[PDB]
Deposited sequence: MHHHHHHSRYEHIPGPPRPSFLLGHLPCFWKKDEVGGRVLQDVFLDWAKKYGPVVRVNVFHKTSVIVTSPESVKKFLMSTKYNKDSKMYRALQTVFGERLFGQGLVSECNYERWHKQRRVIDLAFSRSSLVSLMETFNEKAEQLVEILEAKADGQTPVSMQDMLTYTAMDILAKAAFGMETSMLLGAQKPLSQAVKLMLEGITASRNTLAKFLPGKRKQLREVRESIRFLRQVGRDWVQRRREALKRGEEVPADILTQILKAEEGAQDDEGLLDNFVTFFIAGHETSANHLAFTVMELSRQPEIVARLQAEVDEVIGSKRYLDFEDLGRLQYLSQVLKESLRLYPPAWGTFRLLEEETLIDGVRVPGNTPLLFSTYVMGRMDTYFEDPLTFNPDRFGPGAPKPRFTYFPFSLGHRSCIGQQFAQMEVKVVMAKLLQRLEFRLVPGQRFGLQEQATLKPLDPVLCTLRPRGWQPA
C-alpha cells in the first residue's frame, strides 16, 4: 500500500522496458521478493550510482549470497553491501587489475584464443554445426582459470565436464529461487564449486611453501585480503565470485556479439579489414595492437548497449526521496537497468538498429544512459580484463574464420542469472 501511489502496472527486462515507456522514469514493480522501483532517467543514474552515499540493497543481493541454503557468493566483492567491508577488499584486489598486472595476461589471452581458432578452423567445412555459445564459454572459462588462478582447466578439449555442469546448475539455481532433486542438483553444484576453491587454494599454499614458482594473480590478492582471517569462508566467497564472474558475462557478451554480427555482413567486412590492417598475419596481438582495433571497440560497445549480460544493479534508498517528481518512500530498492535505457528511443535514436558509429570519435558519448559495467564505486573491477580478453578472442576469430548462423537459430534472449542468447548460436564456419 505504501507504494500504491507510484506509477506502474495494475524476458522480464522486456516487460520492464514496456513499463518504463508506458509509465515513465519511476515505476513500481512487484516481481522480486520485495516491491522495487525502477529508475530510468540519466539524472537518477548519475545521482545514485555516482555517489558513495548510496550502497547496494542487501535484500536484493541475498540471492547471490546463499542459494537454497548453501553459501555461494557469500560476502565476496560483488555481494558484500556494506561500504566499509566492501572497500577493504576492493583496495587489496585492485592491485591485480593495474595496467602492469593486466598487460602480463596478454599471453594467456593469446594462447587460449589461438587454441579456440585452431579448433574451429578444423571444423570450417561450411556444414558442421558448431555451438558458438559452448565454444566461447569454454574459452572464457579456460582463460579465467589460468589467468586468475594459475590452473589449466582444458574445457576446450572436453575436460572438466562436471565442473561446467556445476556452473550451469548453479546459474539456473540463482534464477529458480529469485523440486526435490532440482534442489539436490543445485545444492551439490554449489558445494562442488566451493570444494574446487579449497582444492586450488591448498595447491597454491603447497607451491608457496617449498617456494615453487608462483606468479602473482587475482588469487594472490584474494588470499592477501584474508591475511589473518579466522577461517577460509571469506577466501572461498571470493574464489567462487571471481571463478564465476570472471567468465560468465564475458562468454555471454562474446556469444551475443557473434550472434548479432552473423546478420551484419558489412560491419563484419569492416572488422575483418581492420584486423588485416592492424595485426596482418601475426598470430599474436600485443597490448598496443588492442588500442588500434578502434572499430572493433565500437562494435563491442554497441553489442553491450543492446545485449548487456549484467542488465543492471540495485541501490537502497534509505530516506523518502522525490525522484523525477515521484515520492519514493524510504527503505526501497532502486533498480537501474542499462538494458531498458539502451532500448528507449528517448535515449538512443532508432534503438533497435545496431550502429557502431554511436561510439565513434566525435560522437557525443552517452551521458548516464549506458552502463554495461555499471558506474561509480561499485562498477566492474574486471572491466578492462574483460575488454582486453574479448577483443583478443574476437580479433582472432575475425582474422581466420567466416561464420553463418544456422537457419532456425534465434536472436532472442533468455535469463539465467545473466542475459544470454536463447539458442546456442549454432554456426557453420569457413576459413577466411
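Trainee: Deposited sequence versus model: which ranges have no CA atoms?
Mentor: According to the deposited record, C-alpha coordinates are absent for 1 to 7, 18 to 38, 207 to 215, 470 to 474, which together make up the missing parts.
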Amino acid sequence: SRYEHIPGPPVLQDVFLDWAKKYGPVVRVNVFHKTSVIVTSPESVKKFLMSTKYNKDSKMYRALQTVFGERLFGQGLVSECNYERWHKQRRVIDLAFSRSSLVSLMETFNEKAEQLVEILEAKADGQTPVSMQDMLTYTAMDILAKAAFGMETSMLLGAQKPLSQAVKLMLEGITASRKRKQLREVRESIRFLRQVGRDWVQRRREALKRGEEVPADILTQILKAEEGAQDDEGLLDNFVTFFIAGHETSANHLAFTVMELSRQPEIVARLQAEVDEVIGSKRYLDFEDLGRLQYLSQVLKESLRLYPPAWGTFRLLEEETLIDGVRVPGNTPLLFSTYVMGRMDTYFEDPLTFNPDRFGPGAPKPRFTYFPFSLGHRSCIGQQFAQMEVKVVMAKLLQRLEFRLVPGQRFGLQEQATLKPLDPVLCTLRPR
From here on, numbers count along this sequence of modelled residues.
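Definition used throughout: the rigid core is the maximal C-alpha set that superposes within 1.5 Å between two forms.
Trainee: Which of these two stretches, 242 to 250 or 208 to 216, has the larger RMS Cα offset in 9 other deposited structures of this protein when the rigid core is kept aligned?
Mentor: Higher root mean square deviation of C-alphas in 9 other deposited structures of this protein is shown by 208 to 216.
Trainee: Which stretch is more displaced from the shown form in 9 other deposited structures of this protein, 40 to 48 or 27 to 35, with RMS over structures and residues of Cα positions after a rigid core fit?
Mentor: With the rigid core fitted, 27 to 35 is the stretch that strays more in 9 other deposited structures of this protein.
Trainee: Test of understanding: from the entry's C-alpha B-factors, which stretch has the higher mean, 208 to 216 or 297 to 305?
Mentor: Averaging CA B-factors over each stretch, the winner is 208 to 216.
Trainee: Averaging the C-alpha B factors as listed in the entry, name the stretch that ends up higher: 333 to 341 or 101 to 109.
Mentor: On average, C-alpha B-factors are higher across 101 to 109.
Trainee: Among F242, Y347, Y284, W311, which residue carries the highest C-alpha B-factor recorded in the PDB entry?
Mentor: Max CA B-factor in the entry, restricted to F242, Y347, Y284, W311: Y284.
Trainee: Of the options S131, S177, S250, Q264, which has the highest CA B factor as deposited?
Mentor: Among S131, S177, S250, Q264, the PDB entry lists the largest C-alpha B-factor for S177.
Trainee: Taking the entry's C-alpha B-factors for this chain, is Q387 in the lowest, middle or highest third?
Mentor: Its C-alpha B-factor, which the entry lists for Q387, ranks in the lowest third among residues of this chain.
Trainee: Would the CA B-factor of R315 place it in the lowest, middle or highest third of its chain?
Mentor: Its C-alpha B-factor, which the entry lists for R315, ranks in the lowest third among residues of this chain.
Trainee: Taking the values exactly as deposited, rank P351 by C-alpha B-factor within its chain and report the matching third: lowest, middle or highest.
Mentor: It belongs to the middle third of the chain when residues are ordered by C-alpha B-factor.
Trainee: Ranked by Cα temperature factor within the chain, is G325 in the lowest third, the middle third or the highest third?
Mentor: Within its chain, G325 is a middle-third residue by C-alpha B-factor, going by the deposited values.
Trainee: Taking only the Cα B-factors deposited for this chain, tell me whether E227 sits in the lowest, middle or highest third.
Mentor: Top third by C-alpha B-factor.
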